[PDB]
Amino acid sequence: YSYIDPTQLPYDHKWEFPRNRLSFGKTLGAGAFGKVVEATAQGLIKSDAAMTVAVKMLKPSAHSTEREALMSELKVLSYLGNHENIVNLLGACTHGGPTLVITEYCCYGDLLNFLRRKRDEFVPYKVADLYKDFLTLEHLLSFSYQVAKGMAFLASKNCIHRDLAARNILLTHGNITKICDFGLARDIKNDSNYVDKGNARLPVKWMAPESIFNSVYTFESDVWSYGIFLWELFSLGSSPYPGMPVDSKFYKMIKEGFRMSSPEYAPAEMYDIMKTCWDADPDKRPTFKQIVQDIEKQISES
Ligand SMILES: Cc1ccc(C(=O)Nc2cc(-n3ccnc3)cc(C(F)(F)F)c2)cc1C#Cc1cnc(NC2CC2)nc1
Ligand SMILES: [Cl-]
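By the secondary structure assignment, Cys-107 is in the loop between β5 (100–104) and α2 (111–118). According to the relative accessible area criterion, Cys-107 is exposed, its value standing at 59%. In this structure the C-alpha to C-alpha distance between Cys-107 and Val-55, which are 52 residues apart in sequence, comes to 14 Å.

What follows is about the UniProt feature "active site" in the chain. Under the UniProt annotation, "active site" lies at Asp-163. Assignment of secondary structure puts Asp-163 in the loop between α3 (137–156) and β6 (169–172). Looking at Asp-163, the relative accessible area reads 11%, which means it is buried.

Before going further, it helps to spend a moment on the site of ligand 1. Close to ligand 1 lie 23 residues; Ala-54, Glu-73, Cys-106, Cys-180 and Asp-181 are nearest. A distance of 2.7 Å separates a nitrogen atom of ligand 1 from a polar backbone atom of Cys-106. With respect to ligand 1, the backbone of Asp-181 contributes an N or O atom lying 2.8 Å from an oxygen atom. Mapped by element, the contributors of at least two residues to the shell around ligand 1 are β3 (51–58), α1 (64–80) and β5. Looking at the shell around ligand 1, its residues break down into 16 nonpolar, 3 polar and 4 charged. If you count residues domain by domain, the shell around ligand 1 takes at least three from each of domain 1 (8–104) and domain 2 (111–292).

Our focus in this paragraph is the packing of aromatic side chains. Where two aromatic rings form a pair, the distance of their centres and the angle of their planes describe that pair. On inspection of all chains with the given rule, the structure shows 9 aromatic pairs. Relative to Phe-143, the ring of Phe-114 has its centre 6.5 Å away and its plane inclined at 75°; by these criteria the two rings are edge-to-face. Look at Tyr-241 and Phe-250: their rings are 5.2 Å apart centre to centre, the planes differ by 85°, and that puts the pair in the edge-to-face class. A relative accessible area of 3% places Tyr-241 in the buried class. For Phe-250, a relative accessible area of 2% gives the class buried. The structure contains a cluster of three or more aromatic residues connected by ring pairs, namely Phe-213, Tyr-241, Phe-250, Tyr-251 and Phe-258.

Turning our attention to the side chain of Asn-85. Inspection of the secondary structure puts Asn-85 in the loop between α1 and β4 (89–93). Once residues within four sequence positions are removed from consideration, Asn-85 is found in contact with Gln-146, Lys-149, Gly-150, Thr-177, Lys-178 and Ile-179.

Among the residues of α2, those classed as buried are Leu-111, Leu-112, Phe-114, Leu-115 and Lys-118. Along α2, the residues classed as buried sweep out an arc of 160° about the axis, all on the same side. Contacts from the buried residues of α2 go to α3, β6 and α5 (219–234). If you check the start of α2, you find a side-chain oxygen 3.1 Å away from the backbone N of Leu-112, and it comes from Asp-110.

Glancing now at the environment of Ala-152. Residue placement: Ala-152 occurs in helix α3. Its relative accessible area of 17% is what places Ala-152 among the buried residues. For the pair formed by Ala-152 and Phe-219, sequence separation is 67 residues and the distance between their alpha carbons is 9.4 Å. Those residues in contact with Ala-152 that sit more than four places away from it in its chain are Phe-288, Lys-289 and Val-292.

A full pass over the atoms with the stated rule returns 7 salt bridges. Between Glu-73 and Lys-56 there is a salt bridge; the shortest N-O distance is 2.8 Å. One end of the pair, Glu-73, is in helix α1; the other, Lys-56, is in strand β3, with 17 residues separating them in the sequence. The exposure class assigned to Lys-56 is buried, which follows from its relative accessible area of 9%.

The rules behind the values
Residues numbered from 1 in each chain as written, not as in the entry; some residues may be left out. Chains lettered and ligands numbered in written order. Heavy atoms only, no water. Residues with missing side-chain atoms left out of burial classes, pairs and counts. Helix = DSSP H or I, 4+ residues; strand = E, 2+ residues; numbered from the N terminus. Buried < 20%, exposed > 50% of the residue type's maximum accessible area, 1.4 Å probe, protein only. UniProt positions renumbered as here; feature names shortened; annotations may be inferred. Near = heavy atom within 4 Å. Polar contact = N/O pair within 3.5 Å; in protein donor to acceptor, adjacent residues only side chain to side chain. Nonpolar A, V, L, I, M, F, W, Y, C, P; charged D, E, K, R; others polar. Domains from an automatic or database assignment. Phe/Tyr/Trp six-rings, centres within 6.5 Å; stacked < 30°, edge-to-face > 60°. Contact = heavy atoms within 4.5 Å. Arc of directions from axis to C-beta. Salt bridge = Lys/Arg side-chain N within 4 Å of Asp/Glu carboxyl O.

See below:
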């Protein structure tokens, strides 16, 4: 559970929304047991106008474990409340059928795919041509700032993410990021970034050593994952530890202090943050609040 028990968190019934007022559309993503579909919600706004949303729900393949996980997810999201760097919960459907979790629809998709389709036209300094929506260094700095602020908020609410990575960051217009957790709606079975370890399938390359070797998730283990996320960002969407399978050698090398080199586009001061995030001692890692103050100053001087 880490610090808080989600089952004990309350569900504010102000979120409850009539499920008959949702019309399901295309599936945006799906795992073994859950999925996220695009939908239109009628009467979500005071005007009769229907607005587009995203809905997370379980599949008929799901078991009692996944049913509780989705309800626990809803409790956590309601407990967190609205925050600008987090995907916006809009409503939920809890009675009259299965649990539905309704969030905003983010038009530009996940950050990892965004980085990969923008990689070839990346601009390190200035854009002449503005209409092309070229990815810039200024954008990457802002991305890392917004995600750090979002994680500082989660930390202040005693919430551990456990799967922070570019694939779990959504993008809206103006290059605003929203931290997400697609969880059961991601096909982790066939995603090479998740690795068999014991009876589970885990994002090992994003995980801190203490998490790998004794399944502990802390404030500080999320900070490790953030450092890996920065490497993704400033490599423009590359997979971490390239050409290096997850095996006994990988775990040994990480435990003995091997760390990635700086990605091709990382400012030296952003790489400095990565190295501290990857400190073997979790107490020497920075906090998300400290990371926010660090990046803020970098942007000032940019
Ligand atoms: C519908 C939905 C429901 C829930 C979430 C979600 O993130 N839940 C979440 C859960 C936990 N949690 C805690 C404990 N157990 C789980 C923690 C976090 C947080 F905040 F900590 F990160 C979040 C996301 C969506 C979505 C979407 C969507 C996809 N695609 C596009 N658009 C692209 C172009 C097509 N837009 C929107
Ligand atoms: Cl199914």
